[PDB]
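The chain below stands alone and is given in structure tokens; this is the form deposited in one PDB entry.
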């Protein structure tokens, strides 16, 4: 039961040295790309967005797949929602007080995502070739660039517009942490900046809202108690449940590699469902380390329900469905529903040794 879950968690620890060295290779490549993008007039205010756990700017998305975000401070930014999508926006500038460094990417009033991505991709592709003394290649809206380091490690590089303004209206009912992390913490988190990433909706100049930077703020300060996991009397299994849910999807994805039916599912879907389970189970006593087996079942059941009902609300944008047929086809969801159902009813044979 939970002894099998705990053995899985022990096994995961053994691949820590390999993830850390890969993250170090990622950190080096990313830091060189930063100095070159800073030379460019359009990207001088660019910087590494702190989202990860490995050297601040390196987020792990799969065994050897890293996600790195570059942020660009964009002041006096006005947003216009694209046709009731709630997550996709056209990007404009308030009222021309002085000619901005991003004026080259303008298309009327709207700032062009593909035009900025083109210069971003062109500066990036240059650093791989100009300094060929490194072992990097390009492989293919956002992630903007996928870099393959020594034919093994892949880094997804995302360009993000930074906005220090109030969060859009579509997020008003999102981040439902009040009963768990408090209204005080919800208020404080909503004062932090938000990001826009050039993800296409069909192919246009829309930008998707991104709250990836908020994850580290909650994952590492996850309890109702401020001292949750800071002493021996307060040990919860929230982080372990998230690792097991990610592990579960990774193992299922690899097992169905022959027909690739699970290709569309990602750790982002698992994290979103995990964080909805934290909202439903707000007390630290609902995540006692001794109750690992039940807490994991709570996570799997909720994820199963999302799949079956074909609905997984974005944690920040409740009217944005990550599981709509627009994003993931009916057959793929029905397929994962069956696999997760079997795994749950059979005490997770995919975790067997």
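Residue numbers count along the first chain shown, from 1.
The same protein also exists as the form deposited with a partner chain bound; that form is not shown, yet it is the one meant from here on.
Stretch 96-104 is the answer when you ask which of 253-261, 268-276, 207-215, 96-104 has residues with heavy atoms within 4.5 Å of its partner chain in the bound PDB entry. In the bound PDB entry, no residue of the candidate spot (308, 332 and 338) has a heavy atom lying within 4.5 Å of its partner chain. With a 4.5 Å cutoff on heavy atoms, residue 166 counts as touching its partner chain in the bound PDB entry. Though the partner is left out of this view, residue 132 does not reach within 4.5 Å of its partner chain in the bound PDB entry, counting heavy atoms only. Contact between residue 137 and its partner chain in the bound PDB entry is not found at the 4.5 Å heavy atom cutoff. Using a 4.5 Å cutoff between non-hydrogen atoms, residue 92 does not count as a contact of its partner chain in the bound PDB entry. Only one of 190, 243, 176, 86 comes within 4.5 Å of its partner chain in the bound PDB entry through a heavy atom, and that residue is 190.
None of 76, 235, 200, 121 but one reaches within 4.5 angstroms of its partner chain in the bound PDB entry through a heavy atom, and that residue is 76.
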